[PDB]
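Before I ask anything, let me first share the structure, which is written out below as structure tokens.
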Amino acid sequence: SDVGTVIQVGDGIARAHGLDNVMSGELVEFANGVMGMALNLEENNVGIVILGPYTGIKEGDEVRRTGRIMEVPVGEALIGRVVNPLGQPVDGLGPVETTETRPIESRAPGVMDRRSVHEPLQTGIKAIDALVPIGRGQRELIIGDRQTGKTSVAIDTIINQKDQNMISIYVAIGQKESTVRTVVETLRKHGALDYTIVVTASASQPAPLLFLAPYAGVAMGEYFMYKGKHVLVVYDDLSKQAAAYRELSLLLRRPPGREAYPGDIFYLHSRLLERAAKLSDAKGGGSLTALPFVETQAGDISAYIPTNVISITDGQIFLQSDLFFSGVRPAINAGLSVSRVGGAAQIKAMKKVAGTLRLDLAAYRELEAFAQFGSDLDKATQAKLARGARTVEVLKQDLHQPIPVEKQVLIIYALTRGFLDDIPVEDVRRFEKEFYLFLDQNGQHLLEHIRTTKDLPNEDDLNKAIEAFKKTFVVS
Amino acid sequence: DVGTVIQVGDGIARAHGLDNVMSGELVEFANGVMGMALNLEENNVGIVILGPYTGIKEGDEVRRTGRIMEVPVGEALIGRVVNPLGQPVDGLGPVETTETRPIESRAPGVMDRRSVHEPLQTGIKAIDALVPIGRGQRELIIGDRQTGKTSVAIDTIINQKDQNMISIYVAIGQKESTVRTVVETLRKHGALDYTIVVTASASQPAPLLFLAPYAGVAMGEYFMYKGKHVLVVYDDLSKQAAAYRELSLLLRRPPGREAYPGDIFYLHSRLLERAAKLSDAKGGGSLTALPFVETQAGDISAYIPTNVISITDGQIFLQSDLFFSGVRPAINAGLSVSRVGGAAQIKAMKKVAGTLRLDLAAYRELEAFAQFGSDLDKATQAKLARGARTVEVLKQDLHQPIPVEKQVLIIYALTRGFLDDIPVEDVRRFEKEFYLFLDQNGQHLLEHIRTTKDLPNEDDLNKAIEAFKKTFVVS
Amino acid sequence: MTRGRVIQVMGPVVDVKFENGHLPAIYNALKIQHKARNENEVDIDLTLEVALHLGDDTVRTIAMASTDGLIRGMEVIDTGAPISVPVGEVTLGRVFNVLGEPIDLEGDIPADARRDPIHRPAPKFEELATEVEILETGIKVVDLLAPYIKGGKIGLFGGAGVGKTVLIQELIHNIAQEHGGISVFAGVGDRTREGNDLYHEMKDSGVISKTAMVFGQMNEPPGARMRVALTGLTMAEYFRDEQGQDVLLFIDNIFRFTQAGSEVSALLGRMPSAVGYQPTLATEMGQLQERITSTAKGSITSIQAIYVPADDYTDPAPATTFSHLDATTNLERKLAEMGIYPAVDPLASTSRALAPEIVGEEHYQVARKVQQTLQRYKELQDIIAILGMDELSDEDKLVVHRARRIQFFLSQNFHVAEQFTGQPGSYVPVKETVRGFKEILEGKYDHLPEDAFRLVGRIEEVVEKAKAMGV
Amino acid sequence: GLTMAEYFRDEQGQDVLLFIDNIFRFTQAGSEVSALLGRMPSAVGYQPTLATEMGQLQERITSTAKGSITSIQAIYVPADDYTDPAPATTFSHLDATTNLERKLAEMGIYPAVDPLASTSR
Amino acid sequence: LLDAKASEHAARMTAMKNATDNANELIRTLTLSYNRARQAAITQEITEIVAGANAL
């Protein structure tokens, strides 16, 4: 029958006898009162990963079968709270009235149901919005070494979504719980926390809660997409999820593979990452863009988790530690970062200026890689080296200060059309500062045409605006 | 209480029976070779076999000694050459020790020990000046093949004479010719009078390689608990680690870094922290231990070098590059450090020998930068001239131990710069003729240093330098 | 029947067979009292910690002291609770073994003392606090590039022989005199020599009255080494909760907790991972590290050291623990061999406290501009090895020029160094540090010889050295 | 896809192209299936039977007497090093190979194919 | 001036030749260390395969 006896309790795992009618991924409840996710249905004993604290359980205890399958609470009530993957509040502020529940595991949308990705996801980060564009429905990896800028870029994304509709989410896996608190207070201080949900599994939590955290986060995101509102999901580190799977599988005595990761890993991540979509007008016009992050060890590449995820995602951003400590922030290598969707997502004004900027920076990347060591070169190369140095200095940016797209296109246009030759490389971060103030003191009609039209203003008036500012600005 | 062997697995064996055995008990077969019971599974005992194992056959009979790894120790043992089971191999005769110590001893606790109060004088200029030793310190000597490690070990043991400084030399995985050549070098110098020698050689199976350091310290513990000083040399610990790897993989234990199990840190740590400097309440004894480790192509960044370097209270790194460039011997200043410095030295040495090692390290990095480009005069003058003069001062020839008084005088003349006007090959002629001059003209200073243990009064120390200007040659 | 029998021994691990219905919970503790009944045997008192069940009433257990002597069919008792530490006011000035018995010769703890479990769940998200401010500590580099955090985790990472314990002893010499709070010092994977040297250092300065101490040592079996970290932490936890004082915790080497797990895990019976480590690396290390938290009730600052298993940081045990630490110091061997002490990696030192809000603009600009010059110097070192110094020009000439001087001026004479070397030590205020590195970056003192900048406190001391060398 | 193209050649007797979008994923799917079946890895973790499975696929693409099944396939080369087993095992079977390099694609000249590195029989 | 320009082209030829020699030597040392590092990684991987194969 459907009540069984436990016969191991080691290490955060159990084994049990009986439970004839059990199912893979079912919930089963212990006499202590916490419940477990059945995950190997072997020949005579059921493997039972345990959620919550496991110290109380002893052999000879009984497990009852809940009959339910894994489900997440969903509603409009969650927006503005910090919540546990099983669905409980952990923030104070009391219980949340979640009207209904969705399954954790379910089929994604078919090939016909989707549409092409044609509307942007403006982030406010000049080097991304210009050179590695994101469109709503796109899935894009950010991969870099530790302390390079994964969470700062995530938070700049969630902060910029105040101006355009986005029911954003943020999932923290394995994190130090005081860092999560510093993040949440940063989202509160920048006035941004009331339209977003934060899901927390801290490092202390038992292994399955780290493992199930992104599956429940996306289960929360897709309800809003079915209603028809745009959504954004961020997973703060997928690699820690993969490690929780490894440790869980090794304790279950499953045949291992490369490193020791179980062979299922690529399927497990594809089950997570292919729910992201852009549904058709017949299905409501929604979106679910996703931004997973992977931490690479020492600039490692061709390893098992990074190559899996790099094969799944429709683009990748690679961050370089040696760039960061050289003053480029957020540090982004244009040479190794690609977006297959790119070009289509951008606004038409951006498409004209950002397409040429890619050509300029690629040409100088190669010329500088070899010819910078020699002191003096050919004139035409000294010019292209000057344009590349100004390009990287003009793409440096501050922390938690998103720039609206209207004033991005006007600075990139000023850069590509070569208005910045007179100004020195050190003074540029001040040329930007004094120019954006001037652009709110004068030129409001330019920005208004760009805001709704998505279109570059008449070139006579744009040049008149930049030439007047270059009258005002004082060179060191 | 009788059991029978049921496998014979190339030095490992297993037995069925032995119902009341306890881990670590010695069992001795009908053959008469000793066996050490490690594990006790539910049905059988795992018996590592010590000695010739080829004469063992399945269905042989196992009987119990009743005792836990007891190695014989007594005053009768001094002078002889024995194996780690404590049986003589020199053919002089039997050994009549009355009682046995355990191989397994709990180390002295935090309250039992004391700071290292007194030096152990090697007589080797570069050790005594740069990287001093004191009684109860443990210090790693590490280097590649043919770099002089045994020459330093035998120099140190031969220099100990007038003291009641009992000493031990343990050969682990070593060629019988080399062990026999020194048991005759120690006899030649008469130093074999007070020392004991323990030998396990490469033909012997790995069980007798890995135990040999434990017998070396078990012999040392009798003397140290009684109250006398001791010194142990293990002739190589890297062969002990290799013997443990070979045994561990003959058992079914899963490998780690470079196939070494994680147990390699616990093995060496269980070996080295029995070395101590006991306090008056315990009896004031001591047990300094000098282990050796062999690097492969100077890879001090490998697993076993860093494993042992975490446990020991210093390291001496002996360099091939200098040695085969004619600097017999050379110590790499920047890699070699002592953590018990100052406390161990005599006070005069603290006044003379303090900062010299960091002066060498700065000279090494300036030499590197000096390759690429031009230099500043006050840096070239100060740090390259003094750095070269320091290495040329500290080089020393075979079997010539120098008393500390004469080292103190040359280290003073180096750090205060009294020899900086004399260059190159004239410096090693200078310091030879300096010792040959002061031997009969330094009696007041030498007895002053011997008794007062302090730097002599600078006006008469300068009297030595003044007279040596007159005595020394033009060149 | 609550008495058991040992059925198998396998080194550190032992397997007990309790009768049915009395299996102890995980993390409980068990006692061995055995009369040496016959002339062959050895008497022992040993205690065992339960670590797994294994069916048919068997439980697998880690011994807390060496298993030499145990026999099949010998009895085991059950305490009923975790390894129980006696805590309260009387702990201060005492030294304990891992089990909670004193070893200091002074006496034994009154039996009336409340004694507490070592295993309990970590503090929750509502309880934490994040008000972040500088634990100003006078170590010139740490006061510049990676400012330590009051109430925050601090980490020291280095290989064997680079200089972690000398740094901890300078930190105790600077902080523990003025902190005004209970200090707990726990030795995990600790040399017995350093334990004695510390106990005499604390008595000679009188500091021992406020602090309490727990020790395990390199010569201990692995179970003791693991459970010393938890016994030390339970003391610091009581003082910050019940008394409400700020507390300072030191753990001597926390890597040996994970390594001891690596030893005893394969015998427990669970497959290797990425380089021989147990499967449950990150969950159990995170379980310990998530307890060490500054709740609203009262702050802990905790300073830890971690031995990188080789000079390789990509190893699992360093990799899992780099996340948990607010401010991290990386000690690298290559700098130490140049003679620069403490050997701190300027480029790889990371701390949350660096942020214009927390340090202020004057201090921030300088931390980043100094890291920028040293990173450019790494790039120039390669090309000068091919072409030489004579081929560099302008901005590349002055980076090598200033990066030498900065690399030396981050070296300081510690007040604890006076035993390794004849020198007197220093304490440097933050303002003198930020002015000093600013002055070097401006180039006001560029004429002084690069020899002078080594092992020095302030720019005035460098001018005095350079004057004696003939400037 | 093979079994469909084979009907059109055998009955209709006319040239029937077979396109495969990327076979790198196919090799990796085989490696994961072998690990699930409990076999032992090799090289950079690819299964033991790498050449066998890929040959079994590739050899049906032919020109027997009825007609043809000429095929054009694409391959992802993980990190610009071509000695990885899946490219290296593929390279022997292919009659003509053209190498695509990202530097030309970013230069904006398309389809990005390197003139110097492209070879055919 | 003729001897100056000729001797300049000689001086650059010899300086560039020596600089090429320094570049070649460095490349050799780096290749030896890269081969040692890769072979060490592959032998560790093989050791994990053996440890898995006996453990299961």
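We just call them A, B, C, D and E in the order they show up, numbering each chain from 1.
What we mean here is this: a contact is a pair of C-beta atoms (placed from the backbone, for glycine too) under 8 Å apart; a residue touches a chain by one contact, two chains touch by 3 or more.
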Pair sharing more residue contacts (C-beta pairs) when A-D is set against B-E: A-D
Farthest chain (mean CA position) relative to subunit B: D
Most central chain, judged by mean C-alpha position against the global CA mean: C
Separation of subunit C from subunit D, taking each centre as the mean of its C-alpha atoms, in whole Å: 53
Computed distance of Cα centres, subunit E from subunit C, in Å: 39
Distance between the centres, which are taken as Cα means, of subunit C and subunit A, whole angstrom: 34
Set of subunit D residues in contact with two or more other chains: 38, 41
Residues of subunit E touching at least two other chains: 44, 48, 51-52, 55-56
Touching two or more other chains - residues of subunit A: 253, 255-256, 259-260
Those chain pairs that satisfy the touch definition: A-C, A-D, A-E, B-C, B-E, C-E, D-E
For the subunit A and subunit D complex, residues of the former touching the latter: 255-258, 262-264, 266-267, 301-302, 304, 307, 311, 338, 358-359, 362-363, 366
Partner subunit B, residues of subunit E touching it in the complex: 44, 47, 50-51, 54-55
For the subunit D and subunit E complex, residues of the former touching the latter: 38, 40-41
Residues on subunit C engaged by subunit A in the complex (per definition of touch): 20-21, 23, 25-27, 51-55, 57, 60, 119, 121-122, 124-126, 128-130, 270-274, 279-283, 286-287, 289-290, 293-294, 313-314, 319, 322-324, 347, 350, 352, 368, 371-372, 375-376, 383, 387, 391, 393
Footprint of subunit C on subunit E - complex, ascending: 19, 22-23, 26, 44, 48, 51-52, 55-56
